[PDB]
A.B. asks: 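Encoded as structure tokens, here's the structure I'll be asking about.
By convention in this document, chain letters (A, B, ...) are assigned in the order of the sequence lines, proteins followed by strands, and residues within each chain are numbered from 1.
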Number of protein chains: 2
Amino acid sequence: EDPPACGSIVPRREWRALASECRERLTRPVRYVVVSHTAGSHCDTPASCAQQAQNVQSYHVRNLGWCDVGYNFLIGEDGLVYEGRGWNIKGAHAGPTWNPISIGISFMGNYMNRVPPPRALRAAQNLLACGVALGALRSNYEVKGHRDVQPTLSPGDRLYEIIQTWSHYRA
Amino acid sequence: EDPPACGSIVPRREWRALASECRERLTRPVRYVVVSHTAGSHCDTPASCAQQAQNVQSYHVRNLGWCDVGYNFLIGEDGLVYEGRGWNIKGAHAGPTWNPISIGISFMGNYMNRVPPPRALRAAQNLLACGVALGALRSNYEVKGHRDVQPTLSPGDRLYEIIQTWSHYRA
Ligand SMILES: CCCCCCCCCCCCCCCC(=O)O
């Protein structure tokens with residue numbers, strides 16, 4: 001229901017997601033974007049990646065007791081973006097400092113010794129673009145690695161060096 | 001014009017397409033979008049869909065002797081948009097009356113007794129928005145079924161019924 005909709009995103013319902021219980025909202029236009037990797041399994045198909053979105057969310061909700069999967073968005077290697085908390089709800093990916101002043105997107109998989117296909121990178125940037133068009137993101141926006149803000153290897157050596165060559169990337 | 005690049009499209013190089021020998025351009029902004037199906041085998045993974053787009057292009061160039069894949073864009077059930085002749089080049093999808101004044105989008109598969117998945121419909125729709133934003137399509141552009149402009153079943157009863165419900169569909 002109620003879809004138009006931008007950057008070709010797989011809606012929560014499409015991926016058979018449990019419902020959110022999160023309330024805290026993000027004050028848009030948002031300034032930062034933090035890229036992480038789930039550090040979980042990778043997947044390269046609509047089917048496999050939906051099952052992985054579930055797996056990630058399930059771990060976050062049933063096990064860490066969170067109100068919803070931690071990320072605002074998840075990127076699959078199938079080149080599709082999966083809906084997490086979204087543009088409006090504050091995420092849980094970067095620590096109390098960074099969670100309310102940024103959107104966090106996560107690439108499903110471990111990218112330490114592996115690199116994400118061009119399509120996933122496309123879906124990523126394309127995702128950010130839609131964000132500006134929406135007022136959710138800030139056109140002047142800045143990109144940061146998960147590791148650029150938290151003692152963590154995330155989003156992986158391989159992927160980390162790519163987002164640095166991104167134009168909107170700041171260190 | 002309107003600089004920022006739009007949406008996620010799998011480029012030619014990526015699905016391994018033969019080089020295009022087409023030269024006749026379209027006059028921007030285009031007023032019509034004609035939707036068809038390939039009535040060929042469907043595909044639901046980036047991997048399998050790239051092959052299929054190739055099979056379709058192949059069949060058009062090698063067997064029908066066209067300058068390129070007939071469609072301007074192809075949609076896969078993997079939820080991805082496959083680049084063909086693209087926005088600026090007259091295609092070969094709908095006859096001499098319609099090929100000079102329209103964009104042809106084809107859904108890979110036969111949608112007579114199957115509907116395409118939401119991710120497919122979503123990609124197709126997001127693409128059209130991309131066209132508008134770019135100025136390749138009129139903001140008031142009109143979507144037509146292939147059967148509405150030529151005598152064919154394509155784009156399939158199921159998919160035809162769906163596009164009828166689109167904001168820009170005019171029989
Ligand atoms: C290049 C970046 C993406 C731009 C693509 C065009 C954006 C138009 C599509 C916006 C979605 C239409 C509905 C409005 C949003 C909503 O209802 O939530």
A.B. asks: Can you confirm whether A:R138 sits close enough to A:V30 that some side-chain heavy atom of one is under 4.5 Å from a side-chain heavy atom of the other?
C.D. replies: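 The answer is no, as the side chains (C-beta and beyond) never meet within the 4.5 Å cut-off.
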A.B. asks: What's the separation between atom CH2 in A:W66 and atom OH in A:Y59, rounded to the nearest 0.5 Å?
C.D. replies: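 Those atoms lie 8.5 Å apart.
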A.B. asks: Could you go through B:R23 and B:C67, starting from their C-alpha distance and side-chain angles, then the distance that decides it, and tell me whether this counts as side-chain contact (heavy atoms from CB on, under 4.5 Å)?
C.D. replies: CA-CA 8 Å; B:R23 291 283 198 268; B:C67 55; over 6 Å; no
A.B. asks: For the CD atom on A:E142, are there more than 12 heavy atoms of other groups (residues, nucleotides or ligands in this structure) within a distance under 6.0 Å?
C.D. replies: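 Yes - once you tally the heavy atoms of other residues, nucleotides and ligands closer than 6.0 Å, there are more than 12.
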A.B. asks: Between A:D78 and A:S48, is there a side-chain heavy-atom distance shorter than 4.5 Å?
C.D. replies: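 A side-chain contact under 4.5 Å is absent here.
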A.B. asks: Donor-acceptor pairs under 3.5 Å, side chain of residues 121-137 of chain B to any protein atom, not counting sequence neighbours: which ones?
C.D. replies:
{"residue": "B:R122", "atom": "NE", "partner": "A:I9", "partner atom": "O", "Å": "3.2"}
{"residue": "B:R122", "atom": "NH1", "partner": "A:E14", "partner atom": "OE1", "Å": "2.4"}
{"residue": "B:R122", "atom": "NH2", "partner": "A:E14", "partner atom": "OE1", "Å": "2.7"}

A.B. asks: So, for B:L159 and B:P116, which heavy atoms are closest and what is the spacing to 0.1 Å?
C.D. replies: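 Of all heavy-atom pairs spanning B:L159 and B:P116, the closest is CD1-CG, 3.8 Å.
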A.B. asks: Going by heavy atoms in the side chains, are B:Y71 and B:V56 under 4.5 Å from each other?
C.D. replies: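 Answer yes - side chains close enough.
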A.B. asks: Is there a donor-acceptor contact under 3.5 Å linking the side chains of A:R62 and A:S58?
C.D. replies: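 On atom types as modelled, these side chains qualify, holding a pair under 3.5 Å.
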A.B. asks: I need the B:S154 OG to B:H37 NE2 distance, nearest 0.5 Å.
C.D. replies: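 Going from OG on B:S154 over to NE2 on B:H37, the span is 4.0 Å.
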A.B. asks: Take atom CZ in A:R170; do more than 12 heavy atoms of anything else shown fall under 6.0 Å from it?
C.D. replies: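 Yes - once you tally the heavy atoms of other residues, nucleotides and ligands closer than 6.0 Å, there are more than 12.
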A.B. asks: Nearest 0.5 Å, what's the NE2-CD1 distance between B:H168 and B:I163?
C.D. replies: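 So the NE2 of B:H168 and the CD1 of B:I163 are separated by 13.5 Å.
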A.B. asks: Within the 3.5 Å criterion, strictly below it, is a donor on B:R28 or B:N88 matched to an acceptor on the partner's side chain?
C.D. replies: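 Not at all, the side chains of B:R28 and B:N88 share no donor-acceptor pair under 3.5 Å.
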A.B. asks: After noting the C-alpha distance and the side-chain angles of B:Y111 and B:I162, does the key distance pass the side-chain contact (heavy atoms from CB on, under 4.5 Å) rule?
C.D. replies: CA-CA 11 Å; B:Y111 301 95; B:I162 276 300; over 6 Å; no
A.B. asks: Using distance alone, with no hydrogens and no angle criterion, decide if A:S106 and A:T38 have a side-chain donor and acceptor under 3.5 Å apart.
C.D. replies: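 A:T38 and A:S106 do not have a side-chain donor-acceptor pair below 3.5 Å.
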A.B. asks: So, B:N99 side chain and B:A94 main chain: donor-acceptor pair closer than 3.5 Å or not?
C.D. replies: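 Looks like yes, one N/O pair under 3.5 Å.
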A.B. asks: Is there side-chain contact between B:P46 and A:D44, with heavy atoms separated by less than 4.5 Å?
C.D. replies: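 In short, these two side chains do not touch, never coming nearer than 4.5 Å.
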A.B. asks: Of the options B:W15, B:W87, B:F107, B:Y82, which is the one that meets B:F73 in a ring pair (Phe, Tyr, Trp, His ring centres under 6.0 Å)?
C.D. replies: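 Result: among B:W15, B:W87, B:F107, B:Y82, B:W87 is the only option passing the ring pair (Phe, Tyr, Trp, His ring centres under 6.0 Å) with B:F73.
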A.B. asks: To the closest 0.5 Å, what do you measure between OH (A:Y32) and CH2 (A:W98)?
C.D. replies: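 Atom-to-atom, A:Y32:OH and A:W98:CH2 are 5.0 Å apart.
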A.B. asks: Thinking salt bridges, do A:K90 and A:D68 make one under a 4.0 Å N-O criterion?
C.D. replies: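 No, this pair does not count.
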A.B. asks: Drop me the distance from A:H42's NE2 to A:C49's SG, to the nearest 0.5 angstrom.
C.D. replies: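 Spacing of NE2 (A:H42) from SG (A:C49) equals 11.0 Å.
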A.B. asks: Any side-chain heavy-atom pair from A:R114 and A:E77 closer than 4.5 angstrom?
C.D. replies: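 They are in contact (side-chain heavy atoms under 4.5 Å apart), so the answer is yes.
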A.B. asks: So, A:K144 side chain and A:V35 main chain: donor-acceptor pair closer than 3.5 Å or not?
C.D. replies: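 No: the side chain of A:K144 does not pair with the backbone of A:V35.
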A.B. asks: Check whether more than 12 heavy atoms from other residues, nucleotides or ligands sit under 6.0 Å from atom CD of A:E1, and answer yes or no.
C.D. replies: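 Not buried by this count: 12 neighbours or fewer within 6.0 Å.
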A.B. asks: Between A:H146 and A:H93 (side chain of the first, backbone of the second, donor and acceptor by atom type, cut-off under 3.5 Å), is there such a pair?
C.D. replies: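 It does hold such a pair.
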A.B. asks: Same hydrophobic cluster for B:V33 and B:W166, using side-chain heavy-atom links shorter than 4.5 Å among ILVMFWY?
C.D. replies: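 Yes, B:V33 and B:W166 fall within the same hydrophobic cluster.
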A.B. asks: Does A:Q164 have more than 12 heavy atoms from other residues, nucleotides or ligands lying within 6.0 Å of its CD?
C.D. replies: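 Yes - once you tally the heavy atoms of other residues, nucleotides and ligands closer than 6.0 Å, there are more than 12.
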A.B. asks: For B:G95, is there any backbone N or O sitting under 3.5 Å from a side-chain donor or acceptor partner on B:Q150?
C.D. replies: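 Side chain of B:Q150 to backbone of B:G95: a pair is present.
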A.B. asks: Donor-acceptor check, side chain of B:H60 to backbone of B:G70, threshold 3.5 angstrom: yes or no?
C.D. replies: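 Checked: pair present.
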A.B. asks: Within the distance-only criterion (no hydrogens, no angle test), does the side chain of B:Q57 pair as donor or acceptor with the backbone N or O of B:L18 below 3.5 angstrom?
C.D. replies: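 It does hold such a pair.
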A.B. asks: Following the transitive rule for hydrophobic clusters with a side-chain heavy-atom cut-off under 4.5 Å over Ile, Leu, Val, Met, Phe, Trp and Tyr, establish whether B:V81 and B:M108 coincide in one cluster.
C.D. replies: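 Each belongs to a different hydrophobic cluster.
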A.B. asks: Is there a donor-acceptor contact under 3.5 Å from the side chain of A:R147 to the main chain of A:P155?
C.D. replies: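 Looks like no, no N/O pair under 3.5 Å.
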A.B. asks: Does any non-hydrogen side-chain atom of B:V34 lie less than 4.5 Å from one of B:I103?
C.D. replies: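 In short, these two side chains do not touch, never coming nearer than 4.5 Å.
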A.B. asks: I'd like to know whether B:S20 forms a side-chain contact (heavy atoms from CB on, under 4.5 Å) with B:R12, so could you lay out the CA-CA distance, the side-chain angles of the two residues, the decisive distance to 0.1 Å, and finally the verdict.
C.D. replies: CA-CA 9 Å; B:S20 169; B:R12 306 187 60 92; 3.9 Å; yes
A.B. asks: For residues A:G76 and A:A120, report the shortest heavy-atom separation together with the two atoms involved.
C.D. replies: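 Here A:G76 and A:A120 meet closest at O-CB, 3.5 Å.
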A.B. asks: Between A:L80 and B:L80, is any pair of side-chain heavy atoms under 4.5 Å apart?
C.D. replies: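 They are in contact (side-chain heavy atoms under 4.5 Å apart), so the answer is yes.
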A.B. asks: Over all heavy atoms of both residues, which pair between A:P96 and A:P100 is shortest? Give the atoms and the distance, please.
C.D. replies: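 Smallest heavy-atom distance, with atoms named: O-CD, 3.1 Å.
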A.B. asks: Taking atom OG of A:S36 and atom CD1 of A:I105, what is their separation to the nearest 0.5 Å?
C.D. replies: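 It comes to 7.5 Å.
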A.B. asks: Are more than 12 heavy atoms, taken from residues, nucleotides or ligands other than B:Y141, located less than 6.0 Å from that residue's OH atom?
C.D. replies: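 Correct, the count exceeds 12.
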A.B. asks: Using the rule that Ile, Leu, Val, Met, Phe, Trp and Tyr join whenever any side-chain heavy atoms are under 4.5 Å apart, tell me whether A:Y160 and A:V149 fall into a single cluster.
C.D. replies: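 They do not share one cluster, since no chain of ILVMFWY contacts under 4.5 Å joins A:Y160 to A:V149.
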A.B. asks: Let's go through B:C43 and B:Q51 carefully: what are the C-alpha distance in whole Å and the side-chain angles of both, what is the deciding distance for side-chain contact (heavy atoms from CB on, under 4.5 Å) to 0.1 Å, and is it a yes or a no?
C.D. replies: CA-CA 9 Å; B:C43 54; B:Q51 194 51 73; over 6 Å; no
A.B. asks: Do A:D148 and A:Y169 have side-chain N/O donor and acceptor atoms under 3.5 Å apart?
C.D. replies: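 Note: A:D148 and A:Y169 side chains meet the donor-acceptor criterion.
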A.B. asks: Any chance CZ of A:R16 has more than 12 other-residue heavy atoms, nucleotides or ligands included, within less than 6.0 Å?
C.D. replies: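 It does not: A:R16 CZ has 12 such atoms or fewer within range.
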